[PDB]
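>
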Amino acid sequence: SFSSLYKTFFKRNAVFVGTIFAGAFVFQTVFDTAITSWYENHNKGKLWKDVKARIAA
Amino acid sequence: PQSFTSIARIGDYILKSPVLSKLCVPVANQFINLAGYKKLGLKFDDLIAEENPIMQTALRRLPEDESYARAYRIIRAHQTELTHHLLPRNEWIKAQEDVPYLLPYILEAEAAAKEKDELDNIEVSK
Amino acid sequence: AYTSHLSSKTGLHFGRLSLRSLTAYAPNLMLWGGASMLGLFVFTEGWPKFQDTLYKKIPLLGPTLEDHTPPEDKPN
Amino acid sequence: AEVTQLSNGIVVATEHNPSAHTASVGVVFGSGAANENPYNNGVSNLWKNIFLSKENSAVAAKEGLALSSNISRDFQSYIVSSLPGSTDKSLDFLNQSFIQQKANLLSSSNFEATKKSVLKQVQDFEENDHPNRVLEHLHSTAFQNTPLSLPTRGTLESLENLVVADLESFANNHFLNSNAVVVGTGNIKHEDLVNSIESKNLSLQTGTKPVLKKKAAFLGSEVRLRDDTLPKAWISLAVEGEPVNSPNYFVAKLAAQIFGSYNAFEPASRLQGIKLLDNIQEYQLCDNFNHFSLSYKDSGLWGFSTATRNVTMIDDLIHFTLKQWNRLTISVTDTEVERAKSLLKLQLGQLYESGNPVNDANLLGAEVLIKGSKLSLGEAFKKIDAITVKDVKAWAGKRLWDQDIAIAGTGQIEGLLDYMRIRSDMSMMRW
Amino acid sequence: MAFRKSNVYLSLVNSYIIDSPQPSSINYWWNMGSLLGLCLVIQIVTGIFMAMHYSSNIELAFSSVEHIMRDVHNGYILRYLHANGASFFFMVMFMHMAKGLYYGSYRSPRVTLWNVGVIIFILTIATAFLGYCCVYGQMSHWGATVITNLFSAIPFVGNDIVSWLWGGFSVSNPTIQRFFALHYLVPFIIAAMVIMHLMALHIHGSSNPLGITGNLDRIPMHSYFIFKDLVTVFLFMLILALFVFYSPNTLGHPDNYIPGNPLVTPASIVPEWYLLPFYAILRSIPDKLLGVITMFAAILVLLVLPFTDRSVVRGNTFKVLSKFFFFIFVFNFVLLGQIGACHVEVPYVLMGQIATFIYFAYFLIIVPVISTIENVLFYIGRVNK
Amino acid sequence: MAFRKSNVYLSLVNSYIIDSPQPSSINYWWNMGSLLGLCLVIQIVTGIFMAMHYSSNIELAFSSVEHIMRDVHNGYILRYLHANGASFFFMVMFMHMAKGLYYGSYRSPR
Amino acid sequence: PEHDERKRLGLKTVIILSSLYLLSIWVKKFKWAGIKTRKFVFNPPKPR
Amino acid sequence: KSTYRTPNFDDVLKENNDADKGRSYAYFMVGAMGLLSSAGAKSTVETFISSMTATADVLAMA
Ligand code: HEM
Ligand code: HEM
Ligand code: HEM
């Protein structure tokens with residue numbers, strides 16, 4: 002259904018740039034969360050939450 | 002910006018009415034005498050701003066003797082207002098000399114452009 | 002039969018824009034309004050007032066944007 | 027109004043018209059120049075010109091018969107015109123000289139003279155006739171490496187390699203009974219022509235024509251045959267159009283008629299109701315253009331073909347034309363479609379019912395070779411009147427919005443930009 | 001051909017200054033554009049030579065301006081030249097805009113010229129405001145407080161825009177350093193906009209005081225309008241030299257020599273005099289949102305004037321009623337400035353509201369009606385029927 | 001003609017960016033000039049947004065740059081962008097001059 | 261003291277700019293394919 | 031050699047030439063570049079504006 006895919010998303014440039022901005026919003030939120038989670042998980046034990054939990058226990 | 006056909010419509014309505022004529026025509030004659038374009042040797046159809054395609058059309062369609070005379074009146078008014086004087090009183094444009102000479106050409110080009118726009122935006126009755 | 006006249010109306014226009022072209026353009030004008038609204042939703046995402054009013058009401062991306070620092074390791 | 031009937035080997039189609047004063051009888055084959063190779067290209071042109079030899083034309087002119095022949099990409103016709111009481115002589119000549127006794131036109135020292143004549147003729151076409159060769163190169167790059175790109179004139183290098191055996195080989199492969207339609211236009215009756223065809227045993231050959239291995243496929247491209255010593259700049263430009271017997275065939279014709287044709291030196295063509303002439307009459311962007319919708323058996327072409335001596339503003343011409351083409355997709359109004367409906371019915375009536383029974387025989391033989399029957403002008407007018415604005419919008423979304431183009435140009439086309447800059451005009455950013 | 005035409009850059013200087021065909025009949029009102037260019041060169045040069053000594057911290061702004069006035073050699077010359085040249089910049093700018101309003105220089109060819117001019121007017125108003133707030137006197141701090149607290153009337157993000165402009169919670173050190181960076185930057189946007197003004201001027205040429213076509217009698221700009229502009233350049237320098245060397249603090253408010261105190265209201269917060277009509281159009285409306293919207297509309301209503309001037313001859317040279325109402329507009333502007341200088345008291349509120357209404361009714365109501373009536377009178381005074 | 005052609009400012013933009021005839025055979029060394037324009041835009045924008053906070057007294061210069069690094073939100077982004085972008089401005093400018101030196105873009109017309 | 265957040269934003273920025281660089285290479289090759297695969301032939305013209 | 035004999039583009043032509051398929055493939059890449067350019071432009075503009083917003087030195091004195 003590539004004809005339906007083209008006719009929906011890529012025929013009108015308004016719907017095209019609207020899908021670009023909607024994808025950019027979803028991408029910003031999800032990708033920022035993914036980099037934050039990967040960075041904080043790679044550095045486990047070295048962050049202040051882990052030092053604070055060690056002080057708490 | 003105001004179409005010349007509209008000015009002709011309102012002015013013809015004023016002139017064809019006997020009350021509005023005798024009320025507003027002396028006001029316009031004193032307005033034209035106070036306007037003072039005749040003291041520079043200009044008739045009024047030299048004063049119309051020509052930088053639009055209707056006026057460029059009418060000025061293209063002007064006959065050549067009126068074109069050369071209009072050119073001289075415009076250059077003479079430029080030199081007169083450069084010297085910060087007026088023309089001498091025998092070189093002023095008389096009232097009977099101030100005839101609308103460009104006006105049929107303007108109104109004809111205006112009617113042609115309005116008809117062209119109206120035919121550009123028609124809706125055939127089907 | 003035989004038709005001698007061409008019967009037509011003069012439409013509705015403002016020189017360049019026509020009513021017919023406006024009705025033919027109007028849903029894509031609504032689409033461009035929606036696209037520009039999504040563009041403002043992008044370029045105002047970091048704004049915490051618009052996060053509080055709009056973007057934290059989103060089901061799956063809403064609580065994602067808010068932070069979880071307690072009031073013990075915030076200086077102010 | 028017209029009667030086609032399949033007699034025991036062959037299809038006889040007549041379009042009787044008693045108001046005519048001649049009667050054209052002929053046989054239209056359905057193997058045009060799409061049925062060539064790159065290497066025998068122009069053998070149909072040579073069959074056309076040895077049908078029209080001086081030796082073959084003296085025989086017809088002694089009996090009061092005029093010969094007319096036509097090569098297209100789909101069909102090729104061999105038509106014998108005569109006075110209305112002279113249909114038996116037309117069939118006698120068409121039987122004897124062209125069908126049975128075919129190895130007398132193909133003699134040496136007649137084939138050699140006619141090959142020299144078509145060599146000079148194709149060279150004179152290739153040097154002087156600039157719009158039609160730009161259209162030929164438009165087919166040459168729209169359908170390249172595919173049967174429809176062969177020019178019906180034949181090239182100059184493939185015409186020089188041709189011998190008598192190539193014409194005999196093309197004759198045995200294509201001039202057949204399953205491939206022919208024998209056509210009678212003018213004022214001969216269908217009963218009379220089919221009685222004459224049953225009277226003298228009229229059979230061409232028995233086999234079946236060779237099936238082409240690859241169907242015609244549009245490939246978006248361009249050819250730039252710039253020639254800076256020519257005065258003007260000829261440029262054709264086209265998208266893929268609907269083939270014949272497509273449901274959008276008349277819709278493609280109508281959309282070609284929305285933008286019509288134009289001739290800037292004619293004062294009554296300035297006043298046409300196209301919205302493109304406001305754009306191109308300010309700086310006089312073009313000298314003439316014509317929007318065409320060609321349709322063949324496999325595919326077609328839809329676009330325009332122009333010529334301009336404003337060689338610096340070729341880009342503004344192409345830009346304003348393609349930006350008007352986008353209006354069919356987005357905002358084609360109703361009165362454009364109604365004006366084009368009236369003008370398309372007028373164009374179709376001037377094309378089909380003219381007073382020339384040669385052209386009617388050509389069109390009738392083609393339309394009953396491809397479709398098997400000829401669509402009447404009334405039903406065509408009803409199909410044209412049934413086209414709405416939504417149909418033109420759907421067809422222009424399918425075939426015109428952001429589709430590949432084939433371009434072809436010769437002359438001073440330095441101002442013509444490259445492909446992607448022109449192809450970026452097929453779709454606006456919705457403004 | 002000549003080297004002034006064949007070169008890359010000298011062809012620009014030639015086609016703008018040396019061979020630029022002006023109409024022969026233009027008068028000394030056409031000198032104000034060259035005078036505005038002179039004002040801009042004066043402002044930029046004296047601004048750089050004081051920015052070499054000025055310090056933008058909130059503890060050192062007023063002390064550094066007084067360091068310029070005392071310790072810097074000829075620094076009083078530079079400071080009074082900058083301040084009174086800004087006042088003269090706005091005088092000549094009002095004359096340029098008023099001669100454009102009068103002689104119809106906003107009509108059909110030069111709509112782009114008029115609109116780029118309005119953009120330059122907005123940017124120059126903004127530059128003057130930021131530079132007045134750079135001194136950090138008493139009128140500077142409180143003018144900054146009032147005019148940037150205006151933007152807290154926008155109901156959605158007003159507090160956000162206000163605390164983004166301030167850089168904090170009131171007008172303070174980040175506000176003054178922000179304003180100094182912007183006051184350095186924005187005049188180069190004004191210089192680029194002046195080059196765009198000159199492009200839009202060059203594509204169609206100047207107008208003349210008759211309103212008629214000037215293509216017939218033209219004169220190259222060099223050796224005629226160069227010295228005709230040199231006359232007004234020396235006259236502008238003479239009046240500016242008088243106001244710099246003999247009355248240097250006449251056009252300034254005397255409260256700016258008090259250092260900027262956030263805890264003392266100076267009992268009449270008033271901006272510089274050239275922003276006073278817009279301050280009056282601000283204070284006329286009894287609402288903070290509609291007031292700043294009306295002030296921005298007071299600057300932006302000049303964009304309506306090409307499409308409301310319904311006349312068919314250009315310029316009020318030959319129009320009696322249009323001349324009378326043009327000078328009614330001019331003295332209404334002077335009344336609006338004198339009203340905005342005043343306190344918010346009983347006859348002044350009603351006079352300011354009436355003057356604001358006359359200001360907006362000039363462009364929107366008076367000009368189309370008067371120009372239509374003059375079209376009809378011009379027709380029927382000479383058509384005999 | 002087209003609006004990018006007939007306009008006053010869009011004709012400049014068109015003849016310098018949009019319709020400007022470049023040769024077909026120029027390589028990625030001709031991207032250095034556009035990179036220098038990008039570098040200069042980066043330097044001007046980051047420098048203005050740091051001059052909003054920089055204090056040019058001799059007692060406050062280093063401490064105000066240290067305030068940009070510490071107190072200004074994303075201020076280290078602006079400072080490192082300015083310093084490393086000036087270094088990259090000179091890297092790309094040396095490549096631009098060396099391209100003019102190799103391909104002879106100094107010669108008789110230019 | 262910006263060290264952790266600076267390396268975080270560096271990871272985000274480097275991922276986005278590497279993806280944009282590879283997409284821009286593809287878009288360059290796509291826009292330039294029609295010029296990159298041109299063919300010129302030269303049949304020399306007839307003398308006058 | 032004729033001009034009607036188009037040369038061998040066969041090494042660069044894709045074997046299937048469906049229109050919607052190839053256009054969806056091209057515009058998905060152009061849209062992905064515009065996607066990540068929109069995210070980067072938003073982050074850049076918010077970086078400069080957030081630099082202009084306030085400082086920690088005054089947010090402590092809030
Ligand atoms: C567009 C032209 C300019 C205008 C209209 C303008 C306007 C002003 C005004 C009105 C003042 C207040 C003067 C006072 O009352 O003491 C001022 C101050 C100042 N301006 Fe400008 N200015 C302009 C250009 C510049 C430029 C380009 C610079 C920087 C290089 C600059 C630097 C200053 C400085 C440092 C002050 C501080 C106080 C002083 O010393 O006067 N100005 N400006
Ligand atoms: C820094 C400010 C400005 C400069 C340097 C400037 C410069 C010039 C110059 C040199 C001219 C040509 C000479 C003349 O006609 O007077 C001119 C013309 C003009 N300017 Fe300005 N200008 C400026 C601001 C403005 C403003 C604020 C407006 C009004 C909105 C404006 C509108 C015009 C108009 C309409 C013309 C054409 C006048 C005519 O030819 O009849 N300009 N400008
Ligand atoms: C031509 C482009 C420019 C270049 C090559 C340039 C170069 C530099 C360099 C190398 C530094 C020192 C960086 C360091 O080691 O910390 C610097 C610092 C600085 N520049 Fe620029 N600069 C440019 C544009 C600007 C502009 C236009 C401004 C003013 C608005 C500016 C404002 C600053 C400031 C405030 C500093 C202070 C120290 C810092 O925070 O980096 N820059 N510049």
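Chains as they are written, first to last, in UniProt numbering: chain A, 2 to 58; chain B, 2 to 127; chain C, 2 to 77; chain D, 27 to 457; chain E, 1 to 385; chain F, 1 to 110; chain G, 261 to 308; chain H, 31 to 92. Think of the CB as a built atom: it goes at the ideal place given N, C-alpha and C, for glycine as much as any other residue.
Would you kindly check if the distance between the Cβ of E:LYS385 and the Cβ of B:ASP13 is under 9 Å?
For the purposes of this step, residue 13 of chain B is taken as the residue at position 12 of the second sequence. For the purposes of this step, residue 385 of chain E is taken as the residue at position 385 of the fifth sequence. It is a contact, given that the beta carbons lie within the stated cut-off.
> Of all Cβ atoms in chain C, is any one closer than 9 Å to the Cβ of A:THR34?
Locating residue 34 of chain A in the first sequence gives position 33, counting from the first residue. Yes, because at least one Cβ of chain C sits closer than 9 Å to the Cβ of A:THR34.
> Is it buried or exposed for B:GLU111, if we count other Cβ within 10 angstroms and need 16 for buried?
Within the second sequence, numbered from 1, the residue matching residue 111 of chain B stands at position 110. B:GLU111 is buried by the Cβ-count criterion.
> Compute the distance between the beta-carbons of E:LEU123 and E:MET193, then report whether it is under 9 Å.
Position 123 of the fifth sequence holds residue 123 of chain E. Position 193 of the fifth sequence holds residue 193 of chain E. Yes, the pair counts as a contact, with Cβ atoms nearer than the cut-off.
> Determine, using beta carbons only, whether G:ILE275 comes closer than 9 Å to chain F.
As a first step, residue 275 of chain G must be located in the seventh sequence, where it is residue number 15. No, no contact with chain F.
> Is the CB of H:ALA69 under 9 Å away from at least one CB in chain A?
Position 39 of the eighth sequence, counted from the first residue, corresponds to residue 69 of chain H. Taking Cβ atoms only, chain A reaches closer than 9 Å to H:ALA69, which makes this a yes.
> F:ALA83 to A:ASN44, Cα distance in whole Å?
The count along the sixth sequence starts at 1 and reaches residue 83 of chain F at position 83. The count along the first sequence starts at 1 and reaches residue 44 of chain A at position 43. If you take the alpha carbons of F:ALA83 and A:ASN44, they lie about 29 Å apart.
> Verify the contact flag: E:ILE212, CB atom, against every heavy atom of ligand 2, threshold strictly below 8 Å.
For the purposes of this step, residue 212 of chain E is identified with residue 212 of the fifth sequence, where counting begins at 1. E:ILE212 Cβ: outside cutoff for every heavy atom of ligand 2.
> What number of angstroms, rounded off, separates the C-alpha of E:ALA128 from the C-alpha of E:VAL270?
Taking the fifth sequence and counting its residues from 1, one reaches residue 128 of chain E at position 128. Taking the fifth sequence and counting its residues from 1, one reaches residue 270 of chain E at position 270. Each residue's alpha carbon lies about 14 Å from the other.
> To the nearest angstrom, how far is the alpha carbon of E:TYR106 from that of E:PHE296?
Translated into the one-based positions of the fifth sequence, residue 106 of chain E becomes position 106. Translated into the one-based positions of the fifth sequence, residue 296 of chain E becomes position 296. Each residue's Cα considered, the two are about 20 Å apart.
> Heavy atom of ligand 5 less than 8 Å from the Cβ of D:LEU302, yes or no?
Absent from the structure shown: ligand 5. Ligands present: ligand 1, ligand 2 and ligand 3.
> Along chain H, which residues have their Cβ under 7 Å away from the Cβ of E:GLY168?
Within the fifth sequence, numbered from 1, the residue matching residue 168 of chain E stands at position 168. By Cβ distance, chain H contributes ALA84, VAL88.
> Assign D:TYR378 to one of three DSSP states: helix, strand, or coil.
As a first step, residue 378 of chain D must be located in the fourth sequence, where it is residue number 352. Helix, per DSSP.
> Please compile the residues from chain B whose C-beta is within a distance smaller than 7 Å of the C-beta of C:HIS14.
In the third sequence, residue 14 of chain C corresponds to position 13, counting from 1. Near C:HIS14 (Cβ distances below 7 Å), the residues of chain B are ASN122.
> How would you call D:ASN82, buried or exposed, if buried means at least 16 neighbouring beta carbons within 10 angstroms?
Within the fourth sequence, the letter at position 56 stands for residue 82 of chain D. Classification of D:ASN82: buried, given that the 10 Å Cβ count is 16 or more.
> Can you tell me whether D:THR178 is helix, strand or coil according to DSSP?
For the purposes of this step, residue 178 of chain D is taken as the residue at position 152 of the fourth sequence. DSSP places D:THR178 in coil when its eight states are reduced to three.
> Bridge partners for D:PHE315 per DSSP, in chain order?
Counting from 1 along the fourth sequence, the entry for residue 315 of chain D is found at position 289. Bridge partners of D:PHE315: D:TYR288, D:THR332.
> Use the C-beta contact count for F:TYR28: other C-beta atoms within 10 angstroms, 16 or more gives buried, fewer gives exposed.
The residue you call residue 28 of chain F lines up with position 28 of the sixth sequence. By the neighbour-count rule (16 or more Cβ atoms within 10 Å), F:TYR28 is not buried but exposed.
> Per DSSP, which one or two residues make a beta bridge with D:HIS42?
Locating residue 42 of chain D in the fourth sequence gives position 16, counting from the first residue. According to DSSP, which records beta bridges pairwise, D:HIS42 is partnered with D:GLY212.
> Which whole-angstrom value is the C-beta distance of A:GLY24 and C:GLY35, which I expect to be below 8 Å?
The residue given as residue 24 of chain A occupies position 23 in the first sequence. The residue given as residue 35 of chain C occupies position 34 in the third sequence. Not a contact, Cβ separation roughly 14 Å.
> Please classify D:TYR309 as buried or exposed, where buried requires at least 16 other C-beta atoms within 10 Å of its C-beta.
Walking along the fourth sequence from the start, residue 309 of chain D turns up at place 283. So D:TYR309 counts as exposed.
> What does a CB cutoff of less than 6 Å around D:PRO110 pick up in its chain, not counting 5 residues either side in sequence?
The sequence position of residue 110 of chain D within the fourth sequence is 84, counting from 1. Result list for D:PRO110: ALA49, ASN213, in chain order.
> Out of A:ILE56, A:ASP51, A:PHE28, A:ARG55, point me to the one whose CA is closest to G:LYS272's CA.
Taking the first residue of the seventh sequence as 1, we reach residue 272 of chain G at position 12. Among A:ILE56, A:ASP51, A:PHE28, A:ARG55, the Cα nearest to that of G:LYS272 is on A:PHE28.
> For chain C, check one thing: does any of its Cβ atoms lie closer than 9 Å to the Cβ of A:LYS53?
Here residue 53 of chain A refers to the residue found at position 52 of the first sequence. It does; some Cβ of chain C falls within 9 Å.
> Whole alpha helix (DSSP H) runs in the region 312 to 368 of chain E with 4 or more residues, listed along the chain?
Segments of the alpha helix (DSSP H) lying fully in the region 312 to 368 of chain E: 320 to 341, 346 to 361.
> Which class does D:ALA191 belong to by DSSP, given the choice of helix, strand or coil?
On the fourth sequence, position 165 is the one that residue 191 of chain D refers to. Reduced to three states, the DSSP call for D:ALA191 is helix.
> Would the region 56 to 71 of chain E and the region 218 to 231 of chain E be scored as touching if the rule is three or more Cβ pairs under 8 Å?
Because the criterion of three Cβ pairs below 8 Å is not met, the region 56 to 71 of chain E and the region 218 to 231 of chain E do not touch.
> Hey, which unbroken runs of the alpha helix (DSSP H) at 4 residues or more fall wholly within the region 391 to 437 of chain D?
DSSP runs (the alpha helix (DSSP H)) wholly in the region 391 to 437 of chain D: 403 to 411, 415 to 425.
> Is D:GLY90 closer than 9 Å to D:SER79 when the C-beta atoms are compared?
On the fourth sequence, position 53 is the one that residue 79 of chain D refers to. On the fourth sequence, position 64 is the one that residue 90 of chain D refers to. It is not a contact, given that the beta carbons lie outside the stated cut-off.
> Report all residues from its chain with a CB closer than 7 Å to the CB of A:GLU41; omit the five preceding and five following residues, and keep chain order.
Here residue 41 of chain A refers to the residue found at position 40 of the first sequence. Excluding residues within five positions, the ones whose Cβ falls inside 7 Å are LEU48.
> Which residues have their C-beta within less than 5 Å of a heavy atom of ligand 3, listed in chain order?
This selection yields F:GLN43, F:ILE44, F:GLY47, F:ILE48, F:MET50, F:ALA51, F:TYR54, F:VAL65, F:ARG79, F:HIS82, F:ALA83, F:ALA86.
> Are the region 347 to 358 of chain D and the region 391 to 407 of chain D in contact at 8 Å, needing three or more beta carbon pairs?
Cβ pair count under 8 Å is below three, so no.
> Measuring alpha carbon to alpha carbon, tell me which residue in D:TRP421, D:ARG179, D:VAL38, D:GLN147 is nearest D:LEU219.
Along the fourth sequence, read from residue 1 onward, the residue named residue 219 of chain D stands at position 193. The residue with the shortest Cα to Cα distance from D:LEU219 is D:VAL38.
> Would you report the Cα separation of D:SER135 and D:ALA191, rounded to the nearest angstrom?
Mapped onto the fourth sequence, residue 135 of chain D falls at position 109. Mapped onto the fourth sequence, residue 191 of chain D falls at position 165. Between D:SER135 and D:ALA191, the C-alpha separation is close to 15 Å.
> Would the C-beta of E:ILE299 count as close to ligand 2, meaning under 8 Å from any of its heavy atoms?
The residue you call residue 299 of chain E lines up with position 299 of the fifth sequence. No, since every heavy atom of ligand 2 falls outside the 8 Å radius drawn around the Cβ of E:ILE299.
> When you compare only the Cα positions, how much space is there between B:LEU83 and B:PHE5?
The residue given as residue 83 of chain B occupies position 82 in the second sequence. The residue given as residue 5 of chain B occupies position 4 in the second sequence. Approximately 30 Å, taken between the alpha carbons.
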